[PDB]
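Visitor: Below you'll find the structure I mean.
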Amino acid sequence: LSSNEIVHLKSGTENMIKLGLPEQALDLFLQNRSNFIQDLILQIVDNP
Amino acid sequence: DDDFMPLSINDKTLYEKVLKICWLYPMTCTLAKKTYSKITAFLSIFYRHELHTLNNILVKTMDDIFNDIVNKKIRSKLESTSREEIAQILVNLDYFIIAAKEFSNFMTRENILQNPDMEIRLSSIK
Amino acid sequence: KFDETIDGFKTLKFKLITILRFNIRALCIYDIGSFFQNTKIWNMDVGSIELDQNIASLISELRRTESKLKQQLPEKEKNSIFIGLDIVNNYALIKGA
């Protein structure tokens with residue numbers, strides 16, 4: 001829930017699968033890309 | 001550069017290149033079109049100073065850096081009291097005043113293109 | 001415990017009060033982009049396009065300010081402080097403007 005990169009995200013994602021908590025894992029991942037895109041919108045209407 | 005004469009009609013090789021220069025008389029609009037097109041062409045030093053308020057008042061800095069704000073043309077041409085192409089050289093400054101209208105027509109400007117509602121420049125053209 | 005939770009309520013109204021004053025004074029600050037707007041013209045300056053860059057800054061940090069304020073705190077207070085202080089200071093901002 002903190003890294004803007006890919007490698008830890010990729011890695012600990014498949015480590016979370018390696019625990020076998022994949023559904024929670026995917027949901028957190030999608031939440032990270034949600035927050036990601038969310039904050040990517042924070043760079044700027046100037047004109048439509 | 002001198003011998004203020006009309007434009008020699010070579011008939012016809014660079015007449016299309018003269019038409020790009022038109023965006024007659026010998027040299028002033030003929031070379032100065034390449035000068036200012038070279039200038040604002042060179043003044044596109046952005047596409048890497050973007051994601052900030054460069055789109056703000058630095059645009060007005062580009063406004064102050066006009067077709068070098070035309071007194072640079074309009075001192076020496078203002079100074080030159082010479083009967084050779086007198087007002088015929090300035091027919092390429094009434095016609096380069098039509099290039100001043102081309103400069104305020106060179107107006108798809110910046111901020112990337114917003115607000116496309118005015119881009120006028122005609123102070124030094126006045 | 002009523003003096004206690006009373007005082008905590010007083011800190012709540014003080015704090016949310018301070019946030020609403022912060023956003024509102026950010027606006028009234030931001031209206032001074034008109035001061036000066038470099039001689040808002042006489043009868044025309046045509047053209048006359050756009051767009052008084054300080055006001056775009058006001059829209060910008062207003063927008064991000066509501067972004068992070070929607071991130072951290074809860075919704076109802078944000079709608080409250082932002083709603084009342086924003087619309088009212090917009091109106092009187094035009095008035096003294």
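If you're wondering about the labels, chains in the structure tokens are A, B, ... by order shown, residues count from 1 in each chain, ligands from 1 in order shown.
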What's the 12 Å shell around residue 83 of chain C, counting only C-alpha atoms, without same-chain residues fewer than 5 positions away, as a ChimeraX atom specification?

Guide: /C:20,23-24,66,75-78,88-90

Visitor: Report as a compact mmCIF listing (two decimals) with N, CA and C atoms, in the first residue's frame all protein, DNA and RNA residues lying within 8 Å of segment 4-21 of chain A, evaluated on only C-alpha atoms, omitting residues in the same chain fewer than 5 positions from it.

Guide:
# COMPACT_ATOMS: atom_id res chain seq x y z
N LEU A 26 -5.11 -9.39 -4.55
CA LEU A 26 -5.61 -8.69 -5.74
C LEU A 26 -6.37 -7.43 -5.36
N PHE A 29 -4.07 -4.84 -4.47
CA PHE A 29 -3.35 -4.41 -5.65
C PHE A 29 -4.16 -3.43 -6.47
N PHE A 36 -3.18 5.01 -7.14
CA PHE A 36 -2.21 5.43 -8.13
C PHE A 36 -2.84 6.37 -9.15

Visitor: Distance limit 10 Å, atoms considered: only C-alpha atoms. Which chain B residues sit that close to chain A? Return them as a list in words.

Guide: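 Result, ordered by chain then number: residues 51, 52, 111, 112, 113, 114, 115 and 116 of chain B.
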
Visitor: Keeping only C-alpha atoms, write the selected residues to a file as a PDB file, in the first residue's frame.

Guide:
ATOM      1  CA  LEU B  51       4.682  20.708 -16.399  1.00  0.00           C
ATOM      2  CA  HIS B  52       4.649  23.949 -14.414  1.00  0.00           C
ATOM      3  CA  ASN B 111      -0.746  27.354 -22.994  1.00  0.00           C
ATOM      4  CA  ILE B 112      -0.942  24.511 -24.991  1.00  0.00           C
ATOM      5  CA  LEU B 113      -3.677  26.056 -27.079  1.00  0.00           C
ATOM      6  CA  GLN B 114      -5.802  27.945 -24.593  1.00  0.00           C
ATOM      7  CA  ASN B 115      -7.669  30.076 -24.463  1.00  0.00           C
ATOM      8  CA  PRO B 116      -7.924  30.364 -28.210  1.00  0.00           C
TER       9      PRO B 116
END

Visitor: Sort by chain and increasing residue number a table of all residues of chain B within 12 Å of chain C, each with its closest pair of atoms and their distance in Å to one decimal, counting only C-alpha atoms, and write it as a tab-separated table.

Guide:
residue	atom	partner	partner_atom	distance
B:52	CA	C:57	CA	10.9
B:53	CA	C:53	CA	8.7
B:54	CA	C:53	CA	11.0
B:55	CA	C:53	CA	9.3
B:56	CA	C:53	CA	6.3
B:57	CA	C:53	CA	8.0
B:58	CA	C:53	CA	11.3
B:59	CA	C:53	CA	11.1
B:60	CA	C:53	CA	11.2
B:104	CA	C:47	CA	11.2
B:111	CA	C:50	CA	10.4
B:113	CA	C:50	CA	11.4
B:114	CA	C:50	CA	8.0
B:115	CA	C:50	CA	6.0
B:116	CA	C:49	CA	7.2
B:117	CA	C:49	CA	4.7
B:118	CA	C:49	CA	4.7
B:119	CA	C:47	CA	7.0
B:120	CA	C:47	CA	6.4
B:121	CA	C:47	CA	9.5
B:122	CA	C:47	CA	10.5
B:123	CA	C:45	CA	11.3

Visitor: How many Å lie between atom CA of residue 58 of chain C and atom CA of residue 38 of chain C, rounded to one decimal?

Guide: 17.7 Å

Visitor: Residues of chain A classed as alpha helix (DSSP H) by DSSP on the backbone are to be reported as a VMD selection string.

Guide: chain A and resid 7 to 19 22 to 40

Visitor: For segment 74-79 of chain B, find every residue with an atom within 10 Å (counting only C-alpha atoms), except residues of its own chain fewer than 2 positions away, and show them as number ranges by chain.

Guide: B: 28, 68-72, 81-82, 89-90, 93, 124-125

Visitor: Write the selection just made, keeping N, CA and C atoms, as a PDB file, in the first residue's frame?

Guide:
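Once written, again_17.pdb looks like this:
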ATOM      1  N   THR B  28      14.223  42.507 -47.876  1.00  0.00           N
ATOM      2  CA  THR B  28      13.903  42.731 -46.465  1.00  0.00           C
ATOM      3  C   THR B  28      12.855  41.744 -45.966  1.00  0.00           C
ATOM      4  N   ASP B  68      11.651  40.566 -33.226  1.00  0.00           N
ATOM      5  CA  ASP B  68      12.290  41.190 -32.053  1.00  0.00           C
ATOM      6  C   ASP B  68      11.887  42.612 -31.865  1.00  0.00           C
ATOM      7  N   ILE B  69      11.274  42.854 -30.696  1.00  0.00           N
ATOM      8  CA  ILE B  69      10.034  43.628 -30.552  1.00  0.00           C
ATOM      9  C   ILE B  69      10.152  44.887 -31.344  1.00  0.00           C
ATOM     10  N   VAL B  70       9.280  45.023 -32.337  1.00  0.00           N
ATOM     11  CA  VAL B  70       9.683  45.364 -33.709  1.00  0.00           C
ATOM     12  C   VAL B  70      10.555  46.599 -33.935  1.00  0.00           C
ATOM     13  N   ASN B  71      10.736  47.409 -32.883  1.00  0.00           N
ATOM     14  CA  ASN B  71      11.702  48.506 -32.855  1.00  0.00           C
ATOM     15  C   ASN B  71      13.094  48.114 -33.336  1.00  0.00           C
ATOM     16  N   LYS B  72      13.532  46.876 -33.072  1.00  0.00           N
ATOM     17  CA  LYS B  72      14.803  46.400 -33.616  1.00  0.00           C
ATOM     18  C   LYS B  72      14.798  46.427 -35.140  1.00  0.00           C
ATOM     19  N   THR B  81      17.161  57.019 -43.853  1.00  0.00           N
ATOM     20  CA  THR B  81      16.606  58.004 -44.774  1.00  0.00           C
ATOM     21  C   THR B  81      17.338  57.843 -46.100  1.00  0.00           C
ATOM     22  N   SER B  82      16.733  57.101 -47.027  1.00  0.00           N
ATOM     23  CA  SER B  82      17.363  56.792 -48.304  1.00  0.00           C
ATOM     24  C   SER B  82      16.293  56.657 -49.376  1.00  0.00           C
ATOM     25  N   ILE B  89      10.851  49.477 -50.179  1.00  0.00           N
ATOM     26  CA  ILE B  89      11.301  48.626 -49.088  1.00  0.00           C
ATOM     27  C   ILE B  89      10.242  48.589 -47.998  1.00  0.00           C
ATOM     28  N   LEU B  90       9.605  49.728 -47.732  1.00  0.00           N
ATOM     29  CA  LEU B  90       8.499  49.748 -46.789  1.00  0.00           C
ATOM     30  C   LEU B  90       7.193  49.283 -47.409  1.00  0.00           C
ATOM     31  N   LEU B  93       7.429  46.536 -45.800  1.00  0.00           N
ATOM     32  CA  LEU B  93       7.128  46.770 -44.396  1.00  0.00           C
ATOM     33  C   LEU B  93       5.716  47.262 -44.181  1.00  0.00           C
ATOM     34  N   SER B 124       3.829  47.174 -31.407  1.00  0.00           N
ATOM     35  CA  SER B 124       4.946  47.570 -32.244  1.00  0.00           C
ATOM     36  C   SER B 124       4.583  47.564 -33.719  1.00  0.00           C
ATOM     37  N   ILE B 125       3.554  46.808 -34.110  1.00  0.00           N
ATOM     38  CA  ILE B 125       3.040  46.934 -35.465  1.00  0.00           C
ATOM     39  C   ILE B 125       2.333  48.268 -35.641  1.00  0.00           C
TER      40      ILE B 125
END

Visitor: Considering only C-alpha atoms, can you say which of B:62, B:22, B:43, B:5 comes closest to residue 101 of chain B?

Guide: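 Nearest candidate to residue 101 of chain B out of B:62, B:22, B:43, B:5: B:22.
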
Visitor: What are the residues of chain C that have an atom within 10 Å of an atom of chain A, counting only C-alpha atoms, as a PDB file with N, CA, C and O atoms, in the first residue's frame?

Guide:
ATOM      1  N   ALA C  56      -6.185  30.721 -11.891  1.00  0.00           N
ATOM      2  CA  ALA C  56      -5.963  29.318 -12.207  1.00  0.00           C
ATOM      3  C   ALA C  56      -5.202  28.621 -11.096  1.00  0.00           C
ATOM      4  O   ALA C  56      -5.435  27.435 -10.833  1.00  0.00           O
ATOM      5  N   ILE C  59      -7.849  27.891  -8.512  1.00  0.00           N
ATOM      6  CA  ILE C  59      -8.558  26.676  -8.889  1.00  0.00           C
ATOM      7  C   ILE C  59      -7.697  25.456  -8.619  1.00  0.00           C
ATOM      8  O   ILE C  59      -8.195  24.399  -8.218  1.00  0.00           O
ATOM      9  N   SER C  60      -6.388  25.595  -8.809  1.00  0.00           N
ATOM     10  CA  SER C  60      -5.501  24.449  -8.708  1.00  0.00           C
ATOM     11  C   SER C  60      -5.361  23.994  -7.266  1.00  0.00           C
ATOM     12  O   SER C  60      -5.757  22.878  -6.913  1.00  0.00           O
ATOM     13  N   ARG C  63      -8.400  22.778  -5.808  1.00  0.00           N
ATOM     14  CA  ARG C  63      -8.767  21.433  -6.229  1.00  0.00           C
ATOM     15  C   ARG C  63      -7.966  20.380  -5.476  1.00  0.00           C
ATOM     16  O   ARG C  63      -8.529  19.405  -4.960  1.00  0.00           O
ATOM     17  N   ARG C  64      -6.653  20.576  -5.380  1.00  0.00           N
ATOM     18  CA  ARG C  64      -5.826  19.635  -4.642  1.00  0.00           C
ATOM     19  C   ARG C  64      -6.098  19.711  -3.151  1.00  0.00           C
ATOM     20  O   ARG C  64      -6.000  18.694  -2.453  1.00  0.00           O
ATOM     21  N   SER C  67      -8.822  17.681  -2.608  1.00  0.00           N
ATOM     22  CA  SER C  67      -8.449  16.291  -2.808  1.00  0.00           C
ATOM     23  C   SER C  67      -7.892  15.692  -1.525  1.00  0.00           C
ATOM     24  O   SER C  67      -8.370  14.651  -1.056  1.00  0.00           O
ATOM     25  N   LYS C  68      -6.906  16.355  -0.927  1.00  0.00           N
ATOM     26  CA  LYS C  68      -6.307  15.810   0.283  1.00  0.00           C
ATOM     27  C   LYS C  68      -7.247  15.934   1.469  1.00  0.00           C
ATOM     28  O   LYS C  68      -7.247  15.067   2.352  1.00  0.00           O
TER      29      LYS C  68
END

Visitor: Between atom CA of residue 3 of chain B and atom CA of residue 84 of chain B, what is the distance in Å, rounded to a tenth?

Guide: 7.4 Å

Visitor: Rounded to one decimal place, report the atom CA of residue 15 of chain B-atom CA of residue 107 of chain B distance in Å.

Guide: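 Taking atom CA of residue 15 of chain B as the start and atom CA of residue 107 of chain B as the end point, the length is 25.2 Å.
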